[PDB]
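Asks: So that you have it, the file is input_4.cif, and it contains mmCIF, N, CA and C atoms; chains and numbers go by the auth columns:
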```
data_final
#
loop_
_atom_site.group_PDB
_atom_site.id
_atom_site.type_symbol
_atom_site.label_atom_id
_atom_site.label_comp_id
_atom_site.label_asym_id
_atom_site.label_seq_id
_atom_site.Cartn_x
_atom_site.Cartn_y
_atom_site.Cartn_z
_atom_site.B_iso_or_equiv
_atom_site.auth_seq_id
_atom_site.auth_asym_id
ATOM 1 N N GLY A 1 3.400 37.444 -17.454 0.00 219 N
ATOM 2 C CA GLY A 1 3.653 36.860 -16.156 0.00 219 N
ATOM 3 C C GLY A 1 4.783 35.849 -16.185 0.00 219 N
ATOM 4 N N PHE A 2 5.311 35.567 -14.998 0.00 220 N
ATOM 5 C CA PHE A 2 6.438 34.661 -14.834 0.00 220 N
ATOM 6 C C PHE A 2 5.950 33.319 -14.307 0.00 220 N
ATOM 7 N N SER A 3 6.390 32.239 -14.949 0.00 221 N
ATOM 8 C CA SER A 3 6.020 30.887 -14.545 0.00 221 N
ATOM 9 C C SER A 3 7.217 29.973 -14.750 0.00 221 N
ATOM 10 N N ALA A 4 7.716 29.395 -13.661 0.00 222 N
ATOM 11 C CA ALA A 4 8.843 28.482 -13.748 0.00 222 N
ATOM 12 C C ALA A 4 8.414 27.156 -14.366 0.00 222 N
ATOM 13 N N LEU A 5 9.369 26.477 -14.995 0.00 223 N
ATOM 14 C CA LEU A 5 9.121 25.201 -15.656 0.00 223 N
ATOM 15 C C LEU A 5 9.657 24.080 -14.774 0.00 223 N
ATOM 16 N N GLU A 6 8.750 23.298 -14.194 0.00 224 N
ATOM 17 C CA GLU A 6 9.163 22.163 -13.388 0.00 224 N
ATOM 18 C C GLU A 6 9.556 20.985 -14.279 0.00 224 N
ATOM 19 N N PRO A 7 10.556 20.208 -13.873 0.00 225 N
ATOM 20 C CA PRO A 7 10.940 19.034 -14.663 0.00 225 N
ATOM 21 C C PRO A 7 9.875 17.952 -14.607 0.00 225 N
ATOM 22 N N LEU A 8 9.778 17.191 -15.697 0.00 226 N
ATOM 23 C CA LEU A 8 8.886 16.037 -15.752 0.00 226 N
ATOM 24 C C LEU A 8 9.654 14.731 -15.895 0.00 226 N
ATOM 25 N N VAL A 9 10.504 14.602 -16.913 0.00 227 N
ATOM 26 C CA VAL A 9 11.230 13.368 -17.170 0.00 227 N
ATOM 27 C C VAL A 9 12.711 13.679 -17.337 0.00 227 N
ATOM 28 N N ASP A 10 13.531 12.649 -17.117 0.00 228 N
ATOM 29 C CA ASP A 10 14.977 12.711 -17.343 0.00 228 N
ATOM 30 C C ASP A 10 15.352 11.399 -18.030 0.00 228 N
ATOM 31 N N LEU A 11 15.335 11.410 -19.359 0.00 229 N
ATOM 32 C CA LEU A 11 15.549 10.196 -20.132 0.00 229 N
ATOM 33 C C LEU A 11 17.032 10.029 -20.430 0.00 229 N
ATOM 34 N N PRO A 12 17.678 8.968 -19.948 0.00 230 N
ATOM 35 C CA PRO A 12 19.108 8.746 -20.228 0.00 230 N
ATOM 36 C C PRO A 12 19.343 8.172 -21.623 0.00 230 N
ATOM 37 N N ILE A 13 18.856 8.890 -22.637 0.00 231 N
ATOM 38 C CA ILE A 13 18.976 8.417 -24.012 0.00 231 N
ATOM 39 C C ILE A 13 20.430 8.451 -24.465 0.00 231 N
ATOM 40 N N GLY A 14 21.115 9.562 -24.216 0.00 232 N
ATOM 41 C CA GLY A 14 22.525 9.670 -24.563 0.00 232 N
ATOM 42 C C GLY A 14 22.819 9.574 -26.044 0.00 232 N
ATOM 43 N N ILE A 15 22.026 10.248 -26.875 0.00 233 N
ATOM 44 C CA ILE A 15 22.231 10.249 -28.316 0.00 233 N
ATOM 45 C C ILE A 15 22.434 11.682 -28.785 0.00 233 N
ATOM 46 N N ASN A 16 23.121 11.825 -29.915 0.00 234 N
ATOM 47 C CA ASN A 16 23.375 13.137 -30.490 0.00 234 N
ATOM 48 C C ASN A 16 22.121 13.649 -31.187 0.00 234 N
ATOM 49 N N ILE A 17 21.681 14.846 -30.807 0.00 235 N
ATOM 50 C CA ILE A 17 20.479 15.462 -31.354 0.00 235 N
ATOM 51 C C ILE A 17 20.850 16.826 -31.920 0.00 235 N
ATOM 52 N N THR A 18 20.477 17.065 -33.178 0.00 236 N
ATOM 53 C CA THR A 18 20.718 18.347 -33.829 0.00 236 N
ATOM 54 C C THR A 18 19.477 18.979 -34.439 0.00 236 N
ATOM 55 N N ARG A 19 18.443 18.207 -34.756 0.00 237 N
ATOM 56 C CA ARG A 19 17.224 18.725 -35.358 0.00 237 N
ATOM 57 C C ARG A 19 16.044 18.484 -34.424 0.00 237 N
ATOM 58 N N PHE A 20 14.916 19.111 -34.757 0.00 238 N
ATOM 59 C CA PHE A 20 13.727 19.044 -33.918 0.00 238 N
ATOM 60 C C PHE A 20 12.527 19.488 -34.740 0.00 238 N
ATOM 61 N N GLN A 21 11.493 18.650 -34.784 0.00 239 N
ATOM 62 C CA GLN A 21 10.296 18.922 -35.567 0.00 239 N
ATOM 63 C C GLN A 21 9.066 18.525 -34.764 0.00 239 N
ATOM 64 N N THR A 22 8.001 19.311 -34.894 0.00 240 N
ATOM 65 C CA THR A 22 6.769 19.105 -34.143 0.00 240 N
ATOM 66 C C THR A 22 5.730 18.423 -35.024 0.00 240 N
ATOM 67 N N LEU A 23 5.119 17.362 -34.504 0.00 241 N
ATOM 68 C CA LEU A 23 4.096 16.635 -35.238 0.00 241 N
ATOM 69 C C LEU A 23 2.741 17.326 -35.111 0.00 241 N
ATOM 70 N N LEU A 24 1.816 16.926 -35.980 0.00 242 N
ATOM 71 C CA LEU A 24 0.481 17.500 -36.029 0.00 242 N
ATOM 72 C C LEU A 24 -0.558 16.388 -35.964 0.00 242 N
ATOM 73 N N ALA A 25 -1.814 16.788 -35.803 0.00 243 N
ATOM 74 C CA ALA A 25 -2.945 15.875 -35.732 0.00 243 N
ATOM 75 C C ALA A 25 -3.932 16.196 -36.855 0.00 243 N
ATOM 76 N N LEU A 26 -5.088 15.538 -36.818 0.00 244 N
ATOM 77 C CA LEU A 26 -6.128 15.714 -37.820 0.00 244 N
ATOM 78 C C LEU A 26 -7.394 16.244 -37.160 0.00 244 N
ATOM 79 N N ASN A 27 -8.054 17.184 -37.833 0.00 245 N
ATOM 80 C CA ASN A 27 -9.290 17.780 -37.347 0.00 245 N
ATOM 81 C C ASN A 27 -10.341 17.714 -38.444 0.00 245 N
ATOM 82 N N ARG A 28 -11.531 17.233 -38.095 0.00 246 N
ATOM 83 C CA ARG A 28 -12.624 17.132 -39.054 0.00 246 N
ATOM 84 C C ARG A 28 -13.920 17.679 -38.467 0.00 246 N
ATOM 85 N N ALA A 29 -1.212 30.477 -33.966 0.00 263 N
ATOM 86 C CA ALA A 29 -1.388 30.867 -32.572 0.00 263 N
ATOM 87 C C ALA A 29 -0.811 29.811 -31.637 0.00 263 N
ATOM 88 N N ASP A 30 0.255 29.157 -32.082 0.00 264 N
ATOM 89 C CA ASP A 30 0.908 28.103 -31.316 0.00 264 N
ATOM 90 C C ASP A 30 2.310 27.909 -31.881 0.00 264 N
ATOM 91 N N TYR A 31 2.976 26.837 -31.449 0.00 265 N
ATOM 92 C CA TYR A 31 4.257 26.421 -32.017 0.00 265 N
ATOM 93 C C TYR A 31 5.315 27.515 -31.867 0.00 265 N
ATOM 94 N N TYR A 32 5.486 27.992 -30.637 0.00 266 N
ATOM 95 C CA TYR A 32 6.517 28.973 -30.321 0.00 266 N
ATOM 96 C C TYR A 32 7.817 28.241 -30.011 0.00 266 N
ATOM 97 N N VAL A 33 8.880 28.577 -30.736 0.00 267 N
ATOM 98 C CA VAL A 33 10.176 27.928 -30.576 0.00 267 N
ATOM 99 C C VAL A 33 11.189 28.980 -30.148 0.00 267 N
ATOM 100 N N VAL B 1 23.499 -16.865 -21.234 0.00 512 D
ATOM 101 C CA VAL B 1 24.734 -16.089 -21.233 0.00 512 D
ATOM 102 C C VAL B 1 24.380 -14.621 -21.049 0.00 512 D
ATOM 103 N N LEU B 2 25.055 -13.966 -20.109 0.00 513 D
ATOM 104 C CA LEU B 2 24.837 -12.559 -19.806 0.00 513 D
ATOM 105 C C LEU B 2 26.055 -11.758 -20.242 0.00 513 D
ATOM 106 N N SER B 3 25.822 -10.713 -21.029 0.00 514 D
ATOM 107 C CA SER B 3 26.886 -9.892 -21.593 0.00 514 D
ATOM 108 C C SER B 3 26.927 -8.543 -20.890 0.00 514 D
ATOM 109 N N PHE B 4 28.126 -8.118 -20.503 0.00 515 D
ATOM 110 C CA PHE B 4 28.339 -6.836 -19.849 0.00 515 D
ATOM 111 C C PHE B 4 29.395 -6.050 -20.609 0.00 515 D
ATOM 112 N N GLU B 5 29.138 -4.757 -20.801 0.00 516 D
ATOM 113 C CA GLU B 5 30.051 -3.871 -21.509 0.00 516 D
ATOM 114 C C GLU B 5 30.276 -2.617 -20.678 0.00 516 D
ATOM 115 N N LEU B 6 31.540 -2.228 -20.525 0.00 517 D
ATOM 116 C CA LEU B 6 31.916 -1.051 -19.742 0.00 517 D
ATOM 117 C C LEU B 6 32.214 0.086 -20.713 0.00 517 D
ATOM 118 N N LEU B 7 31.179 0.852 -21.046 0.00 518 D
ATOM 119 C CA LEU B 7 31.294 1.989 -21.945 0.00 518 D
ATOM 120 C C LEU B 7 30.736 3.235 -21.272 0.00 518 D
ATOM 121 N N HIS B 8 31.291 4.387 -21.639 0.00 519 D
ATOM 122 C CA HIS B 8 30.888 5.662 -21.050 0.00 519 D
ATOM 123 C C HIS B 8 29.531 6.063 -21.613 0.00 519 D
ATOM 124 N N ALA B 9 28.471 5.725 -20.886 0.00 520 D
ATOM 125 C CA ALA B 9 27.107 6.034 -21.290 0.00 520 D
ATOM 126 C C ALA B 9 26.237 6.056 -20.043 0.00 520 D
ATOM 127 N N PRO B 10 25.098 6.749 -20.082 0.00 521 D
ATOM 128 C CA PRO B 10 24.209 6.768 -18.908 0.00 521 D
ATOM 129 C C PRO B 10 23.685 5.375 -18.592 0.00 521 D
ATOM 130 N N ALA B 11 23.909 4.945 -17.354 0.00 522 D
ATOM 131 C CA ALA B 11 23.542 3.610 -16.903 0.00 522 D
ATOM 132 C C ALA B 11 22.211 3.647 -16.166 0.00 522 D
ATOM 133 N N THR B 12 21.376 2.637 -16.417 0.00 523 D
ATOM 134 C CA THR B 12 20.065 2.565 -15.790 0.00 523 D
ATOM 135 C C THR B 12 19.686 1.171 -15.310 0.00 523 D
ATOM 136 N N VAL B 13 20.582 0.189 -15.392 0.00 524 D
ATOM 137 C CA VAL B 13 20.284 -1.188 -15.006 0.00 524 D
ATOM 138 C C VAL B 13 21.345 -1.645 -14.013 0.00 524 D
ATOM 139 N N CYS B 14 20.942 -1.848 -12.762 0.00 525 D
ATOM 140 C CA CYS B 14 21.803 -2.433 -11.738 0.00 525 D
ATOM 141 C C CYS B 14 20.936 -2.909 -10.577 0.00 525 D
ATOM 142 N N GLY B 15 21.594 -3.298 -9.479 0.00 526 D
ATOM 143 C CA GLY B 15 20.957 -4.060 -8.444 0.00 526 D
ATOM 144 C C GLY B 15 19.921 -3.262 -7.673 0.00 526 D
ATOM 145 N N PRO B 16 19.251 -3.940 -6.736 0.00 527 D
ATOM 146 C CA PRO B 16 18.161 -3.296 -5.989 0.00 527 D
ATOM 147 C C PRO B 16 18.612 -2.168 -5.077 0.00 527 D
ATOM 148 N N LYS B 17 19.912 -2.044 -4.799 0.00 528 D
ATOM 149 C CA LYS B 17 20.445 -0.986 -3.940 0.00 528 D
ATOM 150 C C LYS B 17 19.798 -1.047 -2.551 0.00 528 D
ATOM 151 N N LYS B 18 20.129 -2.131 -1.846 0.00 529 D
ATOM 152 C CA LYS B 18 19.546 -2.418 -0.539 0.00 529 D
ATOM 153 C C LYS B 18 19.604 -1.198 0.373 0.00 529 D
ATOM 154 N N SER B 19 18.590 -1.069 1.220 0.00 530 D
ATOM 155 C CA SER B 19 18.422 0.078 2.099 0.00 530 D
ATOM 156 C C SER B 19 18.410 -0.377 3.554 0.00 530 D
ATOM 157 N N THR B 20 18.380 0.601 4.456 0.00 531 D
ATOM 158 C CA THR B 20 18.364 0.351 5.890 0.00 531 D
ATOM 159 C C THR B 20 17.316 1.253 6.528 0.00 531 D
ATOM 160 N N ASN B 21 16.703 0.762 7.604 0.00 532 D
ATOM 161 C CA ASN B 21 15.697 1.541 8.312 0.00 532 D
ATOM 162 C C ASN B 21 16.294 2.849 8.813 0.00 532 D
ATOM 163 N N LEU B 22 15.586 3.948 8.566 0.00 533 D
ATOM 164 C CA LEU B 22 16.071 5.256 8.976 0.00 533 D
ATOM 165 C C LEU B 22 15.945 5.430 10.485 0.00 533 D
ATOM 166 N N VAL B 23 16.859 6.214 11.049 0.00 534 D
ATOM 167 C CA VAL B 23 16.877 6.520 12.473 0.00 534 D
ATOM 168 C C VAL B 23 16.675 8.018 12.636 0.00 534 D
ATOM 169 N N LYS B 24 15.678 8.396 13.429 0.00 535 D
ATOM 170 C CA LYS B 24 15.325 9.790 13.632 0.00 535 D
ATOM 171 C C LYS B 24 15.754 10.248 15.020 0.00 535 D
ATOM 172 N N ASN B 25 16.162 11.516 15.101 0.00 536 D
ATOM 173 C CA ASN B 25 16.594 12.144 16.351 0.00 536 D
ATOM 174 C C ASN B 25 17.806 11.438 16.954 0.00 536 D
ATOM 175 N N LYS B 26 18.650 10.857 16.104 0.00 537 D
ATOM 176 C CA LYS B 26 19.896 10.239 16.536 0.00 537 D
ATOM 177 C C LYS B 26 20.959 10.501 15.482 0.00 537 D
ATOM 178 N N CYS B 27 22.127 10.971 15.919 0.00 538 D
ATOM 179 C CA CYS B 27 23.223 11.262 15.002 0.00 538 D
ATOM 180 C C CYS B 27 23.661 9.998 14.276 0.00 538 D
ATOM 181 N N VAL B 28 23.457 9.956 12.959 0.00 539 D
ATOM 182 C CA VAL B 28 23.736 8.770 12.160 0.00 539 D
ATOM 183 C C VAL B 28 24.460 9.172 10.883 0.00 539 D
ATOM 184 N N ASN B 29 25.095 8.185 10.257 0.00 540 D
ATOM 185 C CA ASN B 29 25.728 8.362 8.954 0.00 540 D
ATOM 186 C C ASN B 29 24.726 7.953 7.880 0.00 540 D
ATOM 187 N N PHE B 30 24.163 8.935 7.186 0.00 541 D
ATOM 188 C CA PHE B 30 23.127 8.696 6.196 0.00 541 D
ATOM 189 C C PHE B 30 23.728 8.588 4.800 0.00 541 D
ATOM 190 N N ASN B 31 23.068 7.806 3.949 0.00 542 D
ATOM 191 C CA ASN B 31 23.481 7.588 2.566 0.00 542 D
ATOM 192 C C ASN B 31 22.281 7.679 1.631 0.00 542 D
ATOM 193 N N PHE B 32 21.481 8.733 1.794 0.00 543 D
ATOM 194 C CA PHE B 32 20.249 8.898 1.032 0.00 543 D
ATOM 195 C C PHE B 32 20.499 9.035 -0.466 0.00 543 D
ATOM 196 N N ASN B 33 20.123 8.014 -1.239 0.00 544 D
ATOM 197 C CA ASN B 33 20.092 8.092 -2.703 0.00 544 D
ATOM 198 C C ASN B 33 21.434 8.528 -3.288 0.00 544 D
ATOM 199 N N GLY B 34 22.526 8.078 -2.677 0.00 545 D
ATOM 200 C CA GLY B 34 23.858 8.350 -3.162 0.00 545 D
ATOM 201 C C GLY B 34 24.577 9.484 -2.462 0.00 545 D
ATOM 202 N N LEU B 35 23.848 10.434 -1.882 0.00 546 D
ATOM 203 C CA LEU B 35 24.492 11.459 -1.075 0.00 546 D
ATOM 204 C C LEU B 35 24.965 10.841 0.232 0.00 546 D
ATOM 205 N N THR B 36 25.946 11.478 0.862 0.00 547 D
ATOM 206 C CA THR B 36 26.465 10.971 2.123 0.00 547 D
ATOM 207 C C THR B 36 26.885 12.127 3.015 0.00 547 D
ATOM 208 N N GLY B 37 26.681 11.951 4.313 0.00 548 D
ATOM 209 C CA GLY B 37 27.089 12.943 5.290 0.00 548 D
ATOM 210 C C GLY B 37 26.779 12.431 6.678 0.00 548 D
ATOM 211 N N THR B 38 27.241 13.188 7.668 0.00 549 D
ATOM 212 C CA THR B 38 27.041 12.855 9.072 0.00 549 D
ATOM 213 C C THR B 38 26.150 13.910 9.708 0.00 549 D
ATOM 214 N N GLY B 39 25.087 13.465 10.367 0.00 550 D
ATOM 215 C CA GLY B 39 24.172 14.393 11.003 0.00 550 D
ATOM 216 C C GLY B 39 23.043 13.645 11.674 0.00 550 D
ATOM 217 N N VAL B 40 22.112 14.418 12.224 0.00 551 D
ATOM 218 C CA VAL B 40 20.944 13.887 12.915 0.00 551 D
ATOM 219 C C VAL B 40 19.719 14.158 12.049 0.00 551 D
ATOM 220 N N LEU B 41 18.898 13.132 11.851 0.00 552 D
ATOM 221 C CA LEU B 41 17.703 13.249 11.029 0.00 552 D
ATOM 222 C C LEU B 41 16.464 13.388 11.900 0.00 552 D
ATOM 223 N N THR B 42 15.501 14.169 11.417 0.00 553 D
ATOM 224 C CA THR B 42 14.271 14.421 12.153 0.00 553 D
ATOM 225 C C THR B 42 13.187 14.831 11.169 0.00 553 D
ATOM 226 N N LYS B 43 11.947 14.817 11.650 0.00 554 D
ATOM 227 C CA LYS B 43 10.822 15.221 10.821 0.00 554 D
ATOM 228 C C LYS B 43 10.822 16.732 10.626 0.00 554 D
ATOM 229 N N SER B 44 10.696 17.162 9.375 0.00 555 D
ATOM 230 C CA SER B 44 10.654 18.570 9.013 0.00 555 D
ATOM 231 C C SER B 44 9.277 18.934 8.474 0.00 555 D
ATOM 232 N N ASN B 45 9.046 20.236 8.337 0.00 556 D
ATOM 233 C CA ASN B 45 7.793 20.769 7.816 0.00 556 D
ATOM 234 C C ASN B 45 8.042 21.658 6.604 0.00 556 D
ATOM 235 N N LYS B 46 8.965 21.242 5.743 0.00 557 D
ATOM 236 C CA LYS B 46 9.245 21.964 4.510 0.00 557 D
ATOM 237 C C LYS B 46 8.268 21.537 3.424 0.00 557 D
ATOM 238 N N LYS B 47 7.602 22.510 2.813 0.00 558 D
ATOM 239 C CA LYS B 47 6.672 22.230 1.722 0.00 558 D
ATOM 240 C C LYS B 47 7.491 21.981 0.464 0.00 558 D
ATOM 241 N N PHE B 48 7.901 20.732 0.281 0.00 559 D
ATOM 242 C CA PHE B 48 8.730 20.350 -0.853 0.00 559 D
ATOM 243 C C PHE B 48 7.880 20.318 -2.122 0.00 559 D
ATOM 244 N N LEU B 49 8.478 19.849 -3.209 0.00 560 D
ATOM 245 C CA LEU B 49 7.796 19.645 -4.474 0.00 560 D
ATOM 246 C C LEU B 49 8.078 18.235 -4.967 0.00 560 D
#
```
Could I get this file's structure written as structure tokens?

Replies:
Amino acid sequence: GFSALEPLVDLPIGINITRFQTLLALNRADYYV
Amino acid sequence: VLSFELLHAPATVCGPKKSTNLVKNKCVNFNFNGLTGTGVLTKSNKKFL
């Protein structure tokens, strides 16, 4: 199915970005890039 | 002492940007949020987001 992505934030950071990494949590089929 | 620098970067700190009471059903010069044009404003029924 088709689902448009609505904007949430527009951060005027203005910095150079080249890498990207996803953090994880702790617990006592995801991560699609 | 207040320091100001004029550099090409996204700006997010400036004055309150004073406003004026809107006029409906009368041809006025509007300046909504930086846009500008000449026209008549009225209540619409557009389901915005």

Asks: Please identify all residues of chain D having at least one atom at most 7 Å from any atom of chain N, considering all atoms listed in the file, and return them as a PyMOL selection string.

Replies: chain D and resi 520-522

Asks: If the PyMOL selection byres ((chain D and resi 550) around 6) is run on the structure shown, which residues does it catch, given as a PyMOL selection string?

Replies: chain D and resi 537-541+548-549+551-552

Asks: One decimal, Å: what's the distance from CA of residue 554 (chain D) over to atom C of residue 536 (chain D), could you say?

Replies: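 Atom C of residue 536 (chain D) lies 10.0 Å from CA of residue 554 (chain D).
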
Asks: For atom C of residue 219 (chain N) and CA of residue 266 (chain N), determine how far apart the two atoms are, in Å to one decimal place.

Replies: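 One can read the atom C of residue 219 (chain N) to CA of residue 266 (chain N) distance as 15.8 Å.
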
Asks: With 6 Å on each side, where is the centre of the axis-aligned box around all listed atoms of region 541-552 of chain D, and how long are its edges in Å to one decimal, as JSON?

Replies:
```
{"center_x": 21.9, "center_y": 11.0, "center_z": 4.8, "size_x": 22.8, "size_y": 18.8, "size_z": 28.2}
```

Asks: I'd like the interatomic distance between CA of residue 519 (chain D) and CA of residue 228 (chain N), to a tenth of an Å.

Replies: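 CA of residue 228 (chain N) lies 17.8 Å from CA of residue 519 (chain D).
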
Asks: Taking (7.9, 25.4, -31.1) in the file's coordinates as the center, which residues reach within 8 Å of it, counting all atoms listed in the file, put as a list in words?

Replies: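 Taken together, the residues in range are residues 239, 240, 264, 265, 266 and 267 of chain N.
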
Asks: Considering only strand (DSSP E) as DSSP defines it on the backbone, what residues of chain D qualify? List them as an NGL selection string.

Replies: :D and (538-541 or 548-551)
